[PDB]
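Residue-level structural notes
Here are the chains, one letter per residue:
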There are 4 protein chains.
Amino acid sequence: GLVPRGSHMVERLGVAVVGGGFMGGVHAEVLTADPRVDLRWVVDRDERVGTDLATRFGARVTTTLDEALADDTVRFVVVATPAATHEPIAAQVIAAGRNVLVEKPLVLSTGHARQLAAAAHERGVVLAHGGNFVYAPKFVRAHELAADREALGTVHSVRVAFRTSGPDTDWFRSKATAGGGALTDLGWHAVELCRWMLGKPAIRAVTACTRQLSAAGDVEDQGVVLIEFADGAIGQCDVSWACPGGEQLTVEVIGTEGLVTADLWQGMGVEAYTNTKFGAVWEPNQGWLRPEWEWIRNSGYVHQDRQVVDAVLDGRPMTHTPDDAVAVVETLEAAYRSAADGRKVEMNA
Amino acid sequence: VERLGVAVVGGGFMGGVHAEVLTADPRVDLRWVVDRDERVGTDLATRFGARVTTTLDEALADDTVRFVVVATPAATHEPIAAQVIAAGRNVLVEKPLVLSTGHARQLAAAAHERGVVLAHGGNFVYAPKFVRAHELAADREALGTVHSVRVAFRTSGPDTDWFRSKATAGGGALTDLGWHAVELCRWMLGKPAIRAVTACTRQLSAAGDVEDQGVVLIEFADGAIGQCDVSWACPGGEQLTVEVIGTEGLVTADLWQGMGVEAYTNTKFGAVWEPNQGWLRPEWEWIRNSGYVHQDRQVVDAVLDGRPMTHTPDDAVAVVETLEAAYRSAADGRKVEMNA
Amino acid sequence: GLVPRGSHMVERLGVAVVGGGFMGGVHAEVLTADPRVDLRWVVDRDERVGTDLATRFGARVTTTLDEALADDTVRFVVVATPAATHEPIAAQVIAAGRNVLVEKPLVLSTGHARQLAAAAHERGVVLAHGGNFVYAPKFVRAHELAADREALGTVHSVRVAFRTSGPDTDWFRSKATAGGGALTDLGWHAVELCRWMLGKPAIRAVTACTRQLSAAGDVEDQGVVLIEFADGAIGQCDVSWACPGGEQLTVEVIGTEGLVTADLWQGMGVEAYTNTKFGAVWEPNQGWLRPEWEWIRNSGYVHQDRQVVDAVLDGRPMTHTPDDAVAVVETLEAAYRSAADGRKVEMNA
Amino acid sequence: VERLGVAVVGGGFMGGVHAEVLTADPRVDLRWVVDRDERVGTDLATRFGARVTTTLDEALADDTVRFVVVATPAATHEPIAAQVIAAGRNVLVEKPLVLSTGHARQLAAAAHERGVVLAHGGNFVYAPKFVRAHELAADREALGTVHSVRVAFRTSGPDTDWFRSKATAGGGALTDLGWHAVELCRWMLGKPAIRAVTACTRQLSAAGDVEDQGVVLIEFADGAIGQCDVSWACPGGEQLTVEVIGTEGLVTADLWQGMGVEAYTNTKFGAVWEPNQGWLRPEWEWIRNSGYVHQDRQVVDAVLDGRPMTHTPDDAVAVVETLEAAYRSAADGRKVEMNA
Ligand SMILES: NC(=O)c1ccc[n+]([C@@H]2O[C@H](COP(=O)([O-])OP(=O)(O)OC[C@H]3O[C@@H](n4cnc5c(N)ncnc54)[C@H](O)[C@@H]3O)[C@@H](O)[C@H]2O)c1
Ligand SMILES: NC(=O)c1ccc[n+]([C@@H]2O[C@H](COP(=O)([O-])OP(=O)(O)OC[C@H]3O[C@@H](n4cnc5c(N)ncnc54)[C@H](O)[C@@H]3O)[C@@H](O)[C@H]2O)c1
Ligand SMILES: NC(=O)c1ccc[n+]([C@@H]2O[C@H](COP(=O)([O-])OP(=O)(O)OC[C@H]3O[C@@H](n4cnc5c(N)ncnc54)[C@H](O)[C@@H]3O)[C@@H](O)[C@H]2O)c1
Ligand SMILES: NC(=O)c1ccc[n+]([C@@H]2O[C@H](COP(=O)([O-])OP(=O)(O)OC[C@H]3O[C@@H](n4cnc5c(N)ncnc54)[C@H](O)[C@@H]3O)[C@@H](O)[C@H]2O)c1
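This brings us to the overall build of chain A. Across its full length, chain A carries 13 helices and 15 strands. Taken over C-alpha atoms, the radius of gyration comes to 20 Å for chain A, in line with the 20 Å a tight globule of 349 residues would show. Along the longest, intermediate and shortest principal axes, the C-alpha atoms of chain A span 55 × 55 × 50 Å. Counting contacts in chain A only where the partners sit at least 6 residues apart, residues at least 24 apart contribute 68% of the total.

Between chain C and chain D, the residue contacts involve 47 residues of the former and 50 residues of the latter. Elements that contribute at least two residues to the side of chain C that touches chain D include exactly α6 (137–145), α7 (149–152), β12 (258–263), β13 (270–274) and α11 (295–298) of chain C. With six residues, β12 of chain C is the largest single contributor of residues to the side of chain C that touches chain D. Grouping the amino acids of the side of chain C that touches chain D by side-chain chemistry returns 20 nonpolar, 14 polar and 13 charged. Note that β13 of chain C and strand β12 (residues 249–254) of chain D share five bridges and pair antiparallel. Paired with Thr274 of chain C across the strands is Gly249 of chain D, a residue of β12 of chain D.

The next subject is the pattern of salt bridges. As enumerated under the stated definition, the model contains 80 salt bridges over all chains in all. Its salt-bridge partner being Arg5 of chain A, residue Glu20 of chain B comes within 3.6 Å of it at the nearest N-O pair. In this pair, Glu20 of chain B is assigned in helix α1 (residues 13–23) and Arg5 of chain A in the segment before β1 (13–18), connecting two distinct chains. Note that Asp62 of chain D and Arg31 of chain D form a salt bridge whose closest N and O atoms lie 2.9 Å from each other. With a gap of 31 residues between them, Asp62 of chain D in the loop between α3 (56–60) and β4 (65–70) and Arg31 of chain D in strand β2 (residues 28–34) connect regions that are remote in the sequence. Side by side, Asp62 of chain D and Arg31 of chain D carry an identical accessibility label, which is buried. Overlapping salt bridges bring together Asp34, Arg36, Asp310, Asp314 and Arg316 of chain A as one network.

On to helix α12 (residues 301–314) of chain C. Residue and element names in this part refer to chain C. With 14 residues, α12 extends 19 Å between its outermost C-alpha atoms, agreeing within 8% with the 20 Å of an ideal straight helix rising 1.5 Å per residue. Taken together, the buried positions of α12 are occupied by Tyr301, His303, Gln304, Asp305, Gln307, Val308, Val309, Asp310, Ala311, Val312 and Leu313. The first or second residue beyond α12 is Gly315, which carries a positive phi of 60°.

For the rest of this paragraph, the subject is the UniProt feature "domain: Gfo/Idh/MocA-like oxidoreductase N-terminal" (unreviewed entry) in chain A. In the numbering adopted here, UniProt assigns the feature "domain: Gfo/Idh/MocA-like oxidoreductase N-terminal" (unreviewed entry) to residues 14–128 of chain A. Annotation note: span residues 14–128 of chain A, helix share 43%, strand share 23%, distance between end C-alpha atoms 17 Å.

Below, the discussion takes up the packing of aromatic side chains. Evaluation of the coordinates by the stated rule reveals 28 aromatic pairs over all chains. For the pair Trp293 of chain A and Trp284 of chain B, a centre-to-centre distance of 6.2 Å together with 5° between the ring planes defines the contact as stacked. Remark: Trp284 of chain B occurs in the loop between β14 (278–280) and α11 (286–289) and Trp293 of chain A occurs in the loop between β14 (287–289) and α11 (295–298); the pair is interchain, linking two chains. Between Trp162 of chain D and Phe163 of chain D, the ring centres sit 3.9 Å apart and the planes meet at 25°, which makes this aromatic pair stacked. Given the relative accessible area of 27%, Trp162 of chain D is considered partly exposed. Aromatic rings pair up to connect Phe22, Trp265, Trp282, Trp295 and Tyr301 of chain A into one cluster. Over the ring of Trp288 of chain C we find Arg290 of chain A; its NZ or CZ atom is 4.5 Å from the centre of that ring.

This paragraph deals with the site of ligand 4. Residues and elements named next belong to chain D. In the vicinity of ligand 4, 22 residues are found, and the nearest of them are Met14, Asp35, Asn123, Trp162 and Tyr292. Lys95 is positioned such that a nitrogen or oxygen atom in its backbone is 3.2 Å from an oxygen atom of ligand 4. The side chain of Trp162 places a nitrogen or oxygen atom 3.1 Å from an oxygen atom of ligand 4. Here ligand 4 loses 85% of its free accessible area of 840 Å² to cover by the protein chains. Looking at the shell around ligand 4 residue by residue, the class counts come to nine nonpolar, eight polar and five charged.

Quick notes on the rules
- Along every chain, residues receive numbers from 1 upward following the written sequence, which is not necessarily the numbering found in the entry; those without coordinates are excluded from display.
- All chains are assigned letters beginning at A, and all ligands numbers beginning at 1, according to the order in which they are written.
- The basis for every side-chain value is the complete set of non-hydrogen atoms in the structure, without hydrogens or water.
- Residues with missing side-chain atoms are left out of burial classes, side-chain pairs and their counts.
- Going along the chain from the N terminus, every DSSP run of H or I of four or more residues is numbered as a helix, and every run of E of two or more is numbered as a strand.
- Just to be clear, the radius of gyration here is over C-alpha atoms, and the globule rule we use is 2.2 Å times residues to the power 0.38.
- By definition, residues are in contact when any of their heavy atoms lie within 4.5 Å.
- Three classes are used, and their members are as follows: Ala, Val, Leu, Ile, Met, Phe, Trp, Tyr, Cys and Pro are nonpolar, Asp, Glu, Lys and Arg are charged, and the others, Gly among them, are polar.
- Whether two strands pair comes down to DSSP finding at least two bridges between them.
- Any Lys or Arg side-chain nitrogen located within 4 Å of an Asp or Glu carboxyl oxygen qualifies as a salt bridge.
- Throughout this description, buried means an accessible area under 20% of the type-specific maximum (1.4 Å probe, protein chains only), exposed means over 50%, and partly exposed covers the range between.
- Here, expected helix span is obtained from the residue count minus one, scaled by 1.5 Å.
- UniProt positions are given in the numbering used here, feature names are shortened, and annotations may be inferred rather than shown by experiment.
- Pairing of aromatic side chains requires ring centres within 6.5 Å, counting the rings of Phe and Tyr and the six-membered ring of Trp. Pairs whose planes differ by under 30 degrees are stacked, by over 60 edge-to-face, and all others tilted.
- Whether a charge sits over a ring comes down to the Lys NZ or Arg CZ being within 6 Å of the ring centre and within 35 degrees of the ring normal.
- Proximity criterion: a residue is near a molecule or strand once any of its heavy atoms comes within 4 Å of it.
- Polar contacts, as used here, are pairs of N or O atoms within 3.5 Å; protein pairs need one atom able to donate a hydrogen and one able to accept it. Residues neighboring in sequence count only if both atoms are side-chain atoms.
- With residues, only the protein chains shown are counted as cover, and all accessible areas are computed by Shrake-Rupley using a 1.4 Å probe.

Right under this line is the structure:
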């Protein structure tokens, strides 16, 4: 083998999805493919958007989180709303005694993260966060090779590059609603991947640089973080919202005896060219392309959500815990401080 | 919730893979392993909690068994499959379905008459990456007129002895690897009829009496040319690539070198298929990525829900004929016309 | 090292170029960069084209081959005219006692090739042919590794693929003027590369398939040749005029212990993307590109012409001789016969 | 036809390369090899038919010598170059030109006053592939606003001992490799001014007292961010890549992994730099492709034909300052502002 045994048709878990936008849709599609899941509610401030998602999966639609929480069959809530709404919404879901999966970034301050985590534990519920790429099949494989100590020797370098042409919806570009720019949006993943590839060691210091390119908004479009891990390995996170030509996500680990690299979007092994356009391909879809296949599964969403559901229904302890989210949140806060005053920031947390 | 009782015949490498794939299906109950070698069958049975026997009829006496996977040497396929169908069971037969076109048509007809599912083990037409490439290649506006398809399949050759005997394998690389190459070529073009086949083969190793490499040029009805390039003599790692070229566009897909992970070591990687020293391109999820999971899900779906199959015994017959024509072409040094 | 010593400024060789089209221009540019070369004449039936090339290099222009041959300073003639004109023109250049470089394909029949070669030898002049890719730096390197017998073991497979979107000028698509289509135009190179990569062994048999896609003309757009070499290795030449997206040229050699591959146009190590267009790039020049650098030198034209000039001026014997051209010509003639009647053709020549 | 008399100082690895490159130039007469080790200098001299000495002044007493290549350890560069310029000779000094910004400005000024050519050994800005990438990256309509440049330069480290001594090398990887990284970054953007530099370094090996790896973030005047990533601790083969990203486009170039030749062997390739087992990506024409040939042709052109140089001592000063600022940043844990 080995093929993981298939879910498991038979338990029933009532689910609410809060935020029926892009990511709420992905989760709705991933969760409804799981035989154990009953999607009961879509919650959204925009009723048209909420309604469109709900009818697609035969859920009920509401604009009030409290209506869904009044449904006793709901035991699990997915929160995919703008970043600054995560903490109030997750705090209320937890207080109502429900399990909750919160999209990246968990919250926007170290305090909120520690306190949300303490509140979930007290309430005896699962708090899970949406760092999907550490569940991506390709990266899991690469993580396994990066852990071969005989093969790599002493690891000294890790690098994660994550580049897009930027967000589609407006809330991403305001601090008030988003917390920060590319460093928050993409840097979340890059920092989680870096830690993880190294075996989650303590971070000793951080250095960072950011720029805002776009006139719209008040957040950065690009950032580079230099992370100093406790063993002395240097991490780099290179993120950007101003990169054309298609999403890029790569991971590189370098030791004294070996190295491991992995490429998500440019490593799918399919190539195409056309003089006109490919209908079934994400724009840009003319000229030379490297088309994706199974983008949802290959980004890790399917494995993440299966393991979250396994944690709620079967008490199967998760690989990635609120401790990991807390570590990411303080790294990002340290990075923003470093960028602001042009100095290395010592960690301690 | 719908349980399906399954028996696996042949407890070797492929029986092992199928057993792994089917027992991951919540609908499936693996009840029997059948194998002529009792030690091999016992090992597989104890691993998956099934009964074991050396006699297929002991497993067919079990009325719970409604579906049988046949993963035995090529020449044993037809007698076994005929038996299974005669006993009213649905069957999946590993590639080379059969060695003769007459036998293929009989089995299909016998299966249709009995009202059972006959399925064949061409797993790579179910591989997720190839399935995506096939979708792109079907965009007529994007590709214009399709005039070339090429499938290269290269390995360092089989390890068990019966593969290199003509009596039991029915062929060498052209059969073992060519089955897939031809099925992929055909499929990438939307499955058009084949009009002619030219082929060249060669035996390299001294062991056995079958070819180690071969090339087939295929003339499809519309005039597009297919190339199938297969070999048991290629070092450095398995290769499987697909290429479709039209006047306005093209599509390529690479299975084993397009998996997007690179590694280097001065020593070795323990978790990697040898060669595991120096520069490597390691696989991940090789069973799923090769198409076995999707194949076996769609065959179980057919048996349970009557949901009609994408790849049919008609496809398998087309492949058998082509391989028959290719071996004749290789012997006669001439293009062979397909009156079928 | 090692860097080849630089030409050698000082000898003077008067040159005529016949055919001032695309390839006559390339040669004019390569030859005038050689300090030893004096480009005296451009000969072309079209005076405007001839004149445009000549003024660019300060040559004289004529429409009569005889005018250039009346110039005693001319000792070396480059023939870059349509394929069917090669034999008469080269026969006249040779008879006038001049050295001659004839573009691919040398001539269109085995007889003509043997007889042209015999005539040059009798006249004591160099006859050279324009198979440039066997001089391409990258392929020379690959040829050297393919000759490591310990590293490859027994070589059993060689493959050359050569694909373009087809010729620009009309004469290429008529048998009368061109001899044949892609199999002649591209197959010339593919067959020469195959032989060479294997150490130029005898060819025992040939099998071939061709199709005509285009309505214009009467020659084939695609062809595949299966070559059986004497040692038992199988060669493949895959050529096409109907391939979009940019020129492709690759070489693959496979043995029992190893393999060697090389990629000319997709192996240049430069990548680019733009949302608009790159001005300095060969169309298609939008979207994802793999731009060439030094395309003339990297295709081998510079090394070929330097070695041809070395042969004339310094008697330095050439690596690739008229014997090699004769072998290619009969392979192609065998291939066309095989395609015509659907049978393997045994060689003997 | 115009002959230029040359002396090479330092008969080691780089002196060897330069001697190879310059003697291929028909305009050049290599007359002297100078080296403190007589055996090393003698070996190089006998190979190229030059005179040999251990005393630079014996070679400067020769009035035929109009041009000197200095390929000695970093700390020896300034005293030697000063001597050569003081004697009225044109000079080419290998990378790290000098270790101090003051010294760089003196040499440039001394050279300008004497009326001679001072050139520095940044060969990769002359590499044909990078020169092409630089042309693409200069297409403003195609790239839009340029906001990122990244240069990664990775090796398994130097083999001679003086490289790992601060006294004689003036630095580790950040100096040895970083010189190129910074010069490439700067050049790819059209050579704008540098406003600030942040850096992090680390020593891995126990031997020596210099860093093995370092990263530099560079803030250019317009606001574009440069990254220079260098390391002596990277296995599997040398890497050198360049990346430029703008809002409308991007350009990347790969020197050692973008050479387009792939090989595999179960044994080894004799004609290949080790690692020469397993999967390889072999180099071809490494001297020319690294830029040495073009560099040395353009320096000889300058000396003979007064044809002004693309890369000037002003560029070298900019690089020296940046490296100075980077090492301070690495020590202080802070961004260093460039008031130059
Ligand atoms: N892990 C990933 O790969 C990934 C990818 C994209 C986005 N995200 C994250 O998911 C979350 C949502 O992102 P998105 O792309 O789906 O945004 P989106 O703008 O597409 O959707 C946001 C939705 O939330 C609704 N909404 C706003 N406030 C609400 C509220 N108080 N209550 C209920 N609904 C509300 C909005 O009407 C909208 O429908 C973000 O936190 C984002 O960072 C994660
Ligand atoms: N689709 C694929 O990717 C793929 C890959 C490998 C093999 N196959 C095919 O699967 C089939 C088996 O190949 P394999 O690699 O597993 O071979 P194998 O030698 O590993 O196993 C074959 C097993 O069948 C047993 N056996 C032999 N004759 C039998 C008989 N009459 N009745 C019952 N059992 C018998 C043998 O003891 C043996 O254990 C072949 O047809 C092969 O072509 C397909
Ligand atoms: N080795 C290579 O890489 C390569 C590439 C392209 C073409 N070629 C070959 O070079 C030759 C010319 O090809 P091209 O692309 O330059 O064609 P072209 O059509 O661009 O140029 C042909 C030129 O020859 C002129 N011409 C025709 N008949 C003439 C005659 N009797 N006397 C003098 N001039 C005459 C024409 O006016 C025209 O200027 C062909 O044989 C071709 O196969 C080789
Ligand atoms: N541009 C490049 O790609 C590149 C590559 C390697 C080295 N370099 C540089 O070239 C220079 C030499 O490096 P190397 O690898 O050739 O070192 P090396 O140790 O191989 O050779 C240095 C030589 O200089 C001799 N020498 C030492 N002190 C001397 C002195 N005072 N006077 C005369 N000779 C003296 C030594 O005997 C030695 O033979 C260094 O500055 C290095 O940074 C540049």
